[PDB]
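Have a look at run-v3.txt; it's compact mmCIF, C-alpha atoms:
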# COMPACT_ATOMS: atom_id res chain seq x y z
CA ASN A 353 -22.69 60.07 -67.34
CA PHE A 354 -20.37 62.72 -68.76
CA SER A 355 -21.55 61.98 -72.30
CA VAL A 356 -23.98 63.96 -74.44
CA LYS A 357 -26.57 62.46 -76.77
CA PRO A 358 -25.64 63.50 -80.35
CA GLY A 359 -27.90 66.26 -81.65
CA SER A 360 -28.94 67.64 -78.27
CA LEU A 361 -28.82 71.18 -76.87
CA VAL A 362 -26.48 71.83 -73.91
CA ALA A 363 -26.54 75.06 -71.89
CA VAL A 364 -23.21 76.20 -70.48
CA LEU A 365 -23.17 78.27 -67.27
CA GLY A 366 -20.21 79.72 -65.37
CA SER A 373 -12.75 79.37 -74.57
CA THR A 374 -12.49 77.18 -71.47
CA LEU A 375 -15.24 75.04 -72.99
CA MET A 376 -13.32 74.02 -76.11
CA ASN A 377 -11.13 71.66 -74.10
CA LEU A 378 -13.92 69.42 -72.86
CA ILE A 379 -15.90 69.07 -76.11
CA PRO A 380 -13.92 66.28 -77.81
CA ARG A 381 -13.63 64.44 -74.50
CA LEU A 382 -17.36 65.21 -74.30
CA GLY A 407 -12.25 70.10 -86.98
CA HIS A 408 -15.96 70.57 -87.70
CA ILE A 409 -16.74 73.04 -84.91
CA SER A 410 -18.59 76.28 -85.60
CA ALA A 411 -18.58 79.03 -82.98
CA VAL A 412 -20.66 82.21 -83.20
CA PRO A 413 -18.91 85.10 -81.38
CA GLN A 414 -21.00 87.59 -79.37
CA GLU A 415 -19.79 90.30 -81.74
CA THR A 416 -20.49 89.59 -85.39
CA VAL A 417 -18.39 89.79 -88.56
CA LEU A 418 -20.47 91.07 -91.49
CA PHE A 419 -19.01 92.47 -94.70
CA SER A 420 -19.95 94.79 -97.55
CA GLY A 421 -21.72 92.69 -100.15
CA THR A 422 -25.10 90.93 -100.22
CA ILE A 423 -26.94 89.05 -97.49
CA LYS A 424 -26.53 85.83 -99.48
CA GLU A 425 -22.76 86.35 -99.85
CA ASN A 426 -22.53 86.87 -96.07
CA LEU A 427 -24.54 83.77 -95.22
CA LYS A 428 -22.44 81.65 -97.64
CA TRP A 429 -19.11 82.87 -96.30
CA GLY A 430 -17.10 79.76 -95.44
CA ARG A 431 -19.50 77.34 -97.15
CA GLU A 432 -19.06 77.80 -100.90
CA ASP A 433 -21.33 74.91 -101.87
CA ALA A 434 -24.46 75.96 -99.93
CA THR A 435 -27.58 76.06 -102.11
CA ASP A 436 -30.10 78.90 -102.02
CA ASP A 437 -32.63 76.64 -100.27
CA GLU A 438 -30.08 75.53 -97.67
CA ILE A 439 -29.44 79.19 -96.87
CA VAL A 440 -33.19 79.79 -96.54
CA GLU A 441 -33.57 76.81 -94.23
CA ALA A 442 -30.77 78.17 -92.03
CA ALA A 443 -32.22 81.67 -91.97
CA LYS A 444 -35.63 80.22 -91.04
CA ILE A 445 -34.13 78.40 -88.03
CA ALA A 446 -32.28 81.60 -87.06
CA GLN A 447 -35.65 83.45 -87.28
CA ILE A 448 -34.27 86.01 -89.77
CA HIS A 449 -35.78 84.66 -93.06
CA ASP A 450 -39.02 86.64 -92.83
CA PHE A 451 -37.01 89.80 -92.31
CA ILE A 452 -34.71 89.03 -95.27
CA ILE A 453 -37.74 88.25 -97.53
CA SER A 454 -39.31 91.55 -96.53
CA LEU A 455 -36.40 93.52 -97.98
CA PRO A 456 -36.84 94.79 -101.58
CA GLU A 457 -34.03 92.56 -102.96
CA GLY A 458 -34.52 89.71 -100.51
CA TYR A 459 -31.40 87.60 -100.15
CA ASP A 460 -29.57 89.80 -102.68
CA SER A 461 -30.06 92.91 -100.50
CA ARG A 462 -27.07 95.03 -99.55
CA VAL A 463 -25.04 94.54 -96.38
CA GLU A 464 -22.96 97.57 -95.42
CA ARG A 465 -19.52 97.14 -93.88
CA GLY A 466 -19.83 95.58 -90.43
CA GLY A 467 -23.53 95.16 -91.15
CA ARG A 468 -24.16 98.61 -89.71
CA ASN A 469 -27.43 98.91 -91.64
CA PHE A 470 -28.93 96.20 -89.42
CA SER A 471 -29.97 96.22 -85.75
CA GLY A 472 -27.98 94.30 -83.14
CA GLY A 473 -30.49 91.46 -83.00
CA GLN A 474 -30.63 91.25 -86.79
CA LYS A 475 -26.83 91.02 -86.91
CA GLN A 476 -26.80 88.23 -84.32
CA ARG A 477 -29.41 86.21 -86.19
CA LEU A 478 -27.58 86.60 -89.50
CA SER A 479 -24.45 85.28 -87.77
CA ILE A 480 -26.34 82.28 -86.41
CA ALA A 481 -27.79 81.63 -89.89
CA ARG A 482 -24.27 81.69 -91.36
CA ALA A 483 -23.03 79.15 -88.83
CA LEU A 484 -25.97 76.83 -89.60
CA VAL A 485 -25.21 77.07 -93.32
CA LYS A 486 -21.79 75.55 -92.54
CA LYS A 487 -23.58 72.41 -91.29
CA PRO A 488 -21.35 71.91 -88.23
CA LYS A 489 -21.25 68.73 -86.15
CA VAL A 490 -20.76 70.96 -83.10
CA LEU A 491 -22.21 74.46 -82.82
CA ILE A 492 -21.15 76.87 -80.06
CA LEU A 493 -23.40 79.87 -79.50
CA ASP A 494 -21.09 82.11 -77.47
CA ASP A 495 -23.46 84.48 -75.66
CA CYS A 496 -24.62 85.63 -79.07
CA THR A 497 -28.36 86.10 -78.43
CA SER A 498 -28.00 89.10 -76.14
CA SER A 499 -29.73 91.49 -78.54
CA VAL A 500 -32.43 88.94 -79.40
CA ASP A 501 -35.72 89.12 -77.46
CA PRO A 502 -36.59 86.08 -75.30
CA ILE A 503 -39.53 84.92 -77.47
CA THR A 504 -37.39 84.93 -80.62
CA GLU A 505 -34.56 83.26 -78.72
CA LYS A 506 -36.83 80.41 -77.65
CA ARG A 507 -38.04 79.97 -81.24
CA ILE A 508 -34.43 79.75 -82.42
CA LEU A 509 -33.56 77.09 -79.84
CA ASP A 510 -36.74 75.11 -80.49
CA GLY A 511 -35.80 75.18 -84.20
CA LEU A 512 -32.27 73.90 -83.56
CA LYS A 513 -33.75 70.97 -81.66
CA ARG A 514 -36.46 70.31 -84.22
CA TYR A 515 -34.55 70.81 -87.49
CA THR A 516 -30.82 70.63 -86.78
CA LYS A 517 -30.16 67.01 -86.00
CA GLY A 518 -26.62 66.06 -86.98
CA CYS A 519 -25.46 68.86 -84.75
CA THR A 520 -24.76 68.97 -81.03
CA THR A 521 -25.26 72.54 -79.87
CA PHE A 522 -23.70 74.32 -76.89
CA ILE A 523 -25.25 77.62 -75.84
CA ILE A 524 -23.04 79.66 -73.53
CA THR A 525 -25.48 81.59 -71.40
CA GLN A 526 -25.92 83.54 -68.19
CA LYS A 527 -29.67 83.12 -67.92
CA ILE A 528 -31.30 80.25 -66.04
CA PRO A 529 -34.44 80.48 -68.21
CA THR A 530 -32.32 79.97 -71.33
CA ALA A 531 -30.48 77.15 -69.55
CA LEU A 532 -33.78 75.41 -68.78
CA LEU A 533 -34.53 75.19 -72.51
CA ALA A 534 -31.57 72.89 -73.09
CA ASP A 535 -31.58 69.11 -72.79
CA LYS A 536 -28.64 69.18 -70.35
CA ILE A 537 -26.70 71.82 -68.43
CA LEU A 538 -22.95 72.08 -68.03
CA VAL A 539 -21.79 74.23 -65.13
CA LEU A 540 -18.24 75.56 -64.96
CA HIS A 541 -16.84 77.21 -61.88
CA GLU A 542 -13.15 77.54 -61.14
CA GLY A 543 -13.14 76.97 -64.10
CA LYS A 544 -13.34 73.24 -64.06
CA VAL A 545 -16.53 71.23 -64.55
CA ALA A 546 -18.64 71.83 -61.43
CA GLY A 547 -21.65 69.89 -62.66
CA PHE A 548 -23.49 68.37 -65.61
CA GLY A 549 -27.00 67.04 -66.03
CA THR A 550 -30.58 68.15 -65.77
CA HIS A 551 -31.71 71.06 -63.62
CA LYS A 552 -32.96 68.63 -60.96
CA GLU A 553 -29.70 66.66 -61.04
CA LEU A 554 -27.66 69.86 -60.68
CA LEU A 555 -29.66 71.08 -57.69
CA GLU A 556 -28.78 67.77 -56.07
CA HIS A 557 -25.00 67.95 -56.45
CA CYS A 558 -23.78 71.29 -57.80
CA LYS A 559 -23.40 74.15 -55.34
CA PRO A 560 -22.35 76.70 -57.99
CA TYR A 561 -25.58 75.92 -59.81
CA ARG A 562 -27.68 76.26 -56.64
CA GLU A 563 -26.20 79.74 -56.16
CA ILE A 564 -26.83 80.78 -59.76
CA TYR A 565 -30.39 79.53 -59.55
CA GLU A 566 -31.02 81.40 -56.31
CA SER A 567 -29.45 84.58 -57.69
CA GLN A 568 -32.19 84.56 -60.36
CA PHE A 569 -35.06 83.15 -58.26
CA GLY A 570 -36.02 83.50 -54.59
Will you turn the file into structure tokens for me?
Amino acid sequence: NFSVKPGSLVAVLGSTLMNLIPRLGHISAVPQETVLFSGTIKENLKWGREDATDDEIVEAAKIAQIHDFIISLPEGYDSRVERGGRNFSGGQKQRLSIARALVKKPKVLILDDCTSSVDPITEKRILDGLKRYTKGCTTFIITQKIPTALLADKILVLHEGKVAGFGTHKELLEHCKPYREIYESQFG
């Protein structure tokens, strides 16, 4: 019922979420606004996981859809990051932050509305990658978009905020009024 299959993707509609997760540490959350520091790309991606290998960092950056971009830079993973990562675009910053979280190998990953600068095609590729290559991790994506929510295995809907619903899209239509209203607000 109110349990999640380990390694699945859960969309969250509606720090209120932190409470329910154990009842639903090794928890990695990616803020909407990133923390990047002066140094190299590799140093940034390894921050908080000292024992990550170069290939583990690549694998993470590939799932985050930022590896091809990193490789394209003249120094690759040893390329310069300016303070705050101001030499990168918003979407590039967000993907580097996701890559860093994946490097940490969390058991629970929380993507806190941190794909807002990432185009929908790239976003879908990131989520498909999480599902395909990041087993060992249960991922929660806090989102505002029904289409994003439909990509997840299950959907958690918060309202008051307490849990207003949980389950598939079909299940939520059948017993979650807040979800019905969100769905209608995005589709006729």
> What's the 9 Å shell around region 497-499 of chain A, counting only C-alpha atoms, without same-chain residues fewer than 3 positions away, as a ChimeraX atom specification?
Replying inline: /A:414,471-477,493-494,502,505,525
>> Restricting the calculation to all atoms listed in the file: of A:355, A:457, A:366, A:487, which residue gets closest to residue 408 (chain A)?
In response: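 Checking each candidate against residue 408 (chain A), we get A:487 as the closest.
Proximity ranking of A:469, A:478, A:428, A:555 relative to residue 450 (chain A) places A:478 first, based on only C-alpha atoms.
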List every protein, DNA or RNA residue that has at least one atom no more than 7 Å from (-18.6, 79.0, -84.2) in the file's coordinates, counting all atoms listed in the file, and write the result as an mmCIF file with C-alpha atoms, in the frame of the given file.
data_model
loop_
_atom_site.group_PDB
_atom_site.id
_atom_site.type_symbol
_atom_site.label_atom_id
_atom_site.label_comp_id
_atom_site.auth_asym_id
_atom_site.auth_seq_id
_atom_site.Cartn_x
_atom_site.Cartn_y
_atom_site.Cartn_z
ATOM 1 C CA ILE A 409 -16.740 73.040 -84.910
ATOM 2 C CA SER A 410 -18.590 76.280 -85.600
ATOM 3 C CA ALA A 411 -18.580 79.030 -82.980
ATOM 4 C CA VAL A 412 -20.660 82.210 -83.200
ATOM 5 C CA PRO A 413 -18.910 85.100 -81.380
ATOM 6 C CA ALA A 483 -23.030 79.150 -88.830
ATOM 7 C CA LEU A 491 -22.210 74.460 -82.820
ATOM 8 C CA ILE A 492 -21.150 76.870 -80.060
ATOM 9 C CA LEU A 493 -23.400 79.870 -79.500
#
>> Please report the interatomic distance between CA of residue 433 (chain A) and CA of residue 488 (chain A) in Å with one decimal.
In response: 14.0 Å
>> Could you list, as a PyMOL selection string, every residue within 10 Å of residue 520 (chain A), counting all atoms listed in the file and ignoring same-chain residues fewer than 3 positions away?
In response: chain A and resi 356-362+409+488-492+512-513+516-517
> Leaving out residue 443 (chain A) and any residue of its chain fewer than 3 positions from it, which residues lie within 12 Å of it when counting all atoms listed in the file, given as number ranges by chain?
Replying inline: A: 423-424, 426-428, 436-440, 446-453, 458-459, 474-485, 508, 511-512, 515
Let me see the file: selected residues, C-alpha atoms, as a PDB file, in the coordinates of the input.
ATOM      1  CA  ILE A 423     -26.940  89.050 -97.490  1.00  0.00           C
ATOM      2  CA  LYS A 424     -26.530  85.830 -99.480  1.00  0.00           C
ATOM      3  CA  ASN A 426     -22.530  86.870 -96.070  1.00  0.00           C
ATOM      4  CA  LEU A 427     -24.540  83.770 -95.220  1.00  0.00           C
ATOM      5  CA  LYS A 428     -22.440  81.650 -97.640  1.00  0.00           C
ATOM      6  CA  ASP A 436     -30.100  78.900-102.020  1.00  0.00           C
ATOM      7  CA  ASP A 437     -32.630  76.640-100.270  1.00  0.00           C
ATOM      8  CA  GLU A 438     -30.080  75.530 -97.670  1.00  0.00           C
ATOM      9  CA  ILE A 439     -29.440  79.190 -96.870  1.00  0.00           C
ATOM     10  CA  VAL A 440     -33.190  79.790 -96.540  1.00  0.00           C
ATOM     11  CA  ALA A 446     -32.280  81.600 -87.060  1.00  0.00           C
ATOM     12  CA  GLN A 447     -35.650  83.450 -87.280  1.00  0.00           C
ATOM     13  CA  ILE A 448     -34.270  86.010 -89.770  1.00  0.00           C
ATOM     14  CA  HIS A 449     -35.780  84.660 -93.060  1.00  0.00           C
ATOM     15  CA  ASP A 450     -39.020  86.640 -92.830  1.00  0.00           C
ATOM     16  CA  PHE A 451     -37.010  89.800 -92.310  1.00  0.00           C
ATOM     17  CA  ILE A 452     -34.710  89.030 -95.270  1.00  0.00           C
ATOM     18  CA  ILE A 453     -37.740  88.250 -97.530  1.00  0.00           C
ATOM     19  CA  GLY A 458     -34.520  89.710-100.510  1.00  0.00           C
ATOM     20  CA  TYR A 459     -31.400  87.600-100.150  1.00  0.00           C
ATOM     21  CA  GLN A 474     -30.630  91.250 -86.790  1.00  0.00           C
ATOM     22  CA  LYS A 475     -26.830  91.020 -86.910  1.00  0.00           C
ATOM     23  CA  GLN A 476     -26.800  88.230 -84.320  1.00  0.00           C
ATOM     24  CA  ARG A 477     -29.410  86.210 -86.190  1.00  0.00           C
ATOM     25  CA  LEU A 478     -27.580  86.600 -89.500  1.00  0.00           C
ATOM     26  CA  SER A 479     -24.450  85.280 -87.770  1.00  0.00           C
ATOM     27  CA  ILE A 480     -26.340  82.280 -86.410  1.00  0.00           C
ATOM     28  CA  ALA A 481     -27.790  81.630 -89.890  1.00  0.00           C
ATOM     29  CA  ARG A 482     -24.270  81.690 -91.360  1.00  0.00           C
ATOM     30  CA  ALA A 483     -23.030  79.150 -88.830  1.00  0.00           C
ATOM     31  CA  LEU A 484     -25.970  76.830 -89.600  1.00  0.00           C
ATOM     32  CA  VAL A 485     -25.210  77.070 -93.320  1.00  0.00           C
ATOM     33  CA  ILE A 508     -34.430  79.750 -82.420  1.00  0.00           C
ATOM     34  CA  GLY A 511     -35.800  75.180 -84.200  1.00  0.00           C
ATOM     35  CA  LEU A 512     -32.270  73.900 -83.560  1.00  0.00           C
ATOM     36  CA  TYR A 515     -34.550  70.810 -87.490  1.00  0.00           C
TER      37      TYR A 515
END
> For residue 461 (chain A), which residue out of A:495, A:425, A:553, A:432 is the nearest one, using only C-alpha atoms?
Replying inline: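 Comparing A:495, A:425, A:553, A:432 against residue 461 (chain A), the winner is A:425.
Note that CA of residue 543 (chain A) and CA of residue 354 (chain A) are 16.6 Å apart.
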Could you add the missing atoms to region 550-564 of chain A, up to N, CA, C and O atoms, and return them as a PDB file, keeping the file's coordinate frame?
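Output (result_17.pdb):
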ATOM      1  N   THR A 550     -29.345  67.399 -65.745  1.00  0.00           N
ATOM      2  CA  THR A 550     -30.580  68.150 -65.770  1.00  0.00           C
ATOM      3  C   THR A 550     -30.571  69.174 -64.646  1.00  0.00           C
ATOM      4  O   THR A 550     -29.706  69.140 -63.773  1.00  0.00           O
ATOM      5  N   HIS A 551     -31.540  70.082 -64.676  1.00  0.00           N
ATOM      6  CA  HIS A 551     -31.710  71.060 -63.620  1.00  0.00           C
ATOM      7  C   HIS A 551     -31.882  70.380 -62.256  1.00  0.00           C
ATOM      8  O   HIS A 551     -31.250  70.770 -61.269  1.00  0.00           O
ATOM      9  N   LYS A 552     -32.718  69.345 -62.209  1.00  0.00           N
ATOM     10  CA  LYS A 552     -32.960  68.630 -60.960  1.00  0.00           C
ATOM     11  C   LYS A 552     -31.667  67.974 -60.477  1.00  0.00           C
ATOM     12  O   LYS A 552     -31.294  68.105 -59.313  1.00  0.00           O
ATOM     13  N   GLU A 553     -30.967  67.301 -61.384  1.00  0.00           N
ATOM     14  CA  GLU A 553     -29.700  66.660 -61.040  1.00  0.00           C
ATOM     15  C   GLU A 553     -28.678  67.660 -60.508  1.00  0.00           C
ATOM     16  O   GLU A 553     -27.977  67.374 -59.547  1.00  0.00           O
ATOM     17  N   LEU A 554     -28.597  68.830 -61.130  1.00  0.00           N
ATOM     18  CA  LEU A 554     -27.660  69.860 -60.680  1.00  0.00           C
ATOM     19  C   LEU A 554     -28.017  70.438 -59.312  1.00  0.00           C
ATOM     20  O   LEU A 554     -27.124  70.734 -58.524  1.00  0.00           O
ATOM     21  N   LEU A 555     -29.299  70.607 -59.014  1.00  0.00           N
ATOM     22  CA  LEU A 555     -29.660  71.080 -57.690  1.00  0.00           C
ATOM     23  C   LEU A 555     -29.127  70.104 -56.641  1.00  0.00           C
ATOM     24  O   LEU A 555     -28.711  70.501 -55.563  1.00  0.00           O
ATOM     25  N   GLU A 556     -29.102  68.826 -57.007  1.00  0.00           N
ATOM     26  CA  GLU A 556     -28.780  67.770 -56.070  1.00  0.00           C
ATOM     27  C   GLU A 556     -27.291  67.599 -55.831  1.00  0.00           C
ATOM     28  O   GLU A 556     -26.915  66.946 -54.881  1.00  0.00           O
ATOM     29  N   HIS A 557     -26.435  68.159 -56.679  1.00  0.00           N
ATOM     30  CA  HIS A 557     -25.000  67.950 -56.450  1.00  0.00           C
ATOM     31  C   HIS A 557     -24.077  69.053 -56.932  1.00  0.00           C
ATOM     32  O   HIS A 557     -22.870  68.836 -57.045  1.00  0.00           O
ATOM     33  N   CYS A 558     -24.616  70.227 -57.235  1.00  0.00           N
ATOM     34  CA  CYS A 558     -23.780  71.290 -57.800  1.00  0.00           C
ATOM     35  C   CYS A 558     -24.045  72.612 -57.088  1.00  0.00           C
ATOM     36  O   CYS A 558     -25.001  73.321 -57.409  1.00  0.00           O
ATOM     37  N   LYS A 559     -23.204  72.932 -56.107  1.00  0.00           N
ATOM     38  CA  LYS A 559     -23.400  74.150 -55.340  1.00  0.00           C
ATOM     39  C   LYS A 559     -23.325  75.415 -56.199  1.00  0.00           C
ATOM     40  O   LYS A 559     -24.177  76.291 -56.041  1.00  0.00           O
ATOM     41  N   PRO A 560     -22.338  75.516 -57.128  1.00  0.00           N
ATOM     42  CA  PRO A 560     -22.350  76.700 -57.990  1.00  0.00           C
ATOM     43  C   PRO A 560     -23.684  76.905 -58.700  1.00  0.00           C
ATOM     44  O   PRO A 560     -24.130  78.041 -58.858  1.00  0.00           O
ATOM     45  N   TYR A 561     -24.322  75.813 -59.102  1.00  0.00           N
ATOM     46  CA  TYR A 561     -25.580  75.920 -59.810  1.00  0.00           C
ATOM     47  C   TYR A 561     -26.687  76.382 -58.863  1.00  0.00           C
ATOM     48  O   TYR A 561     -27.494  77.243 -59.221  1.00  0.00           O
ATOM     49  N   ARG A 562     -26.718  75.819 -57.654  1.00  0.00           N
ATOM     50  CA  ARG A 562     -27.680  76.260 -56.640  1.00  0.00           C
ATOM     51  C   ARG A 562     -27.588  77.772 -56.418  1.00  0.00           C
ATOM     52  O   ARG A 562     -28.618  78.443 -56.272  1.00  0.00           O
ATOM     53  N   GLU A 563     -26.370  78.309 -56.402  1.00  0.00           N
ATOM     54  CA  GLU A 563     -26.200  79.740 -56.160  1.00  0.00           C
ATOM     55  C   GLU A 563     -26.661  80.564 -57.355  1.00  0.00           C
ATOM     56  O   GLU A 563     -27.257  81.635 -57.183  1.00  0.00           O
ATOM     57  N   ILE A 564     -26.402  80.065 -58.562  1.00  0.00           N
ATOM     58  CA  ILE A 564     -26.830  80.780 -59.760  1.00  0.00           C
ATOM     59  C   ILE A 564     -28.344  80.814 -59.794  1.00  0.00           C
ATOM     60  O   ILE A 564     -28.954  81.863 -60.015  1.00  0.00           O
TER      61      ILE A 564
END
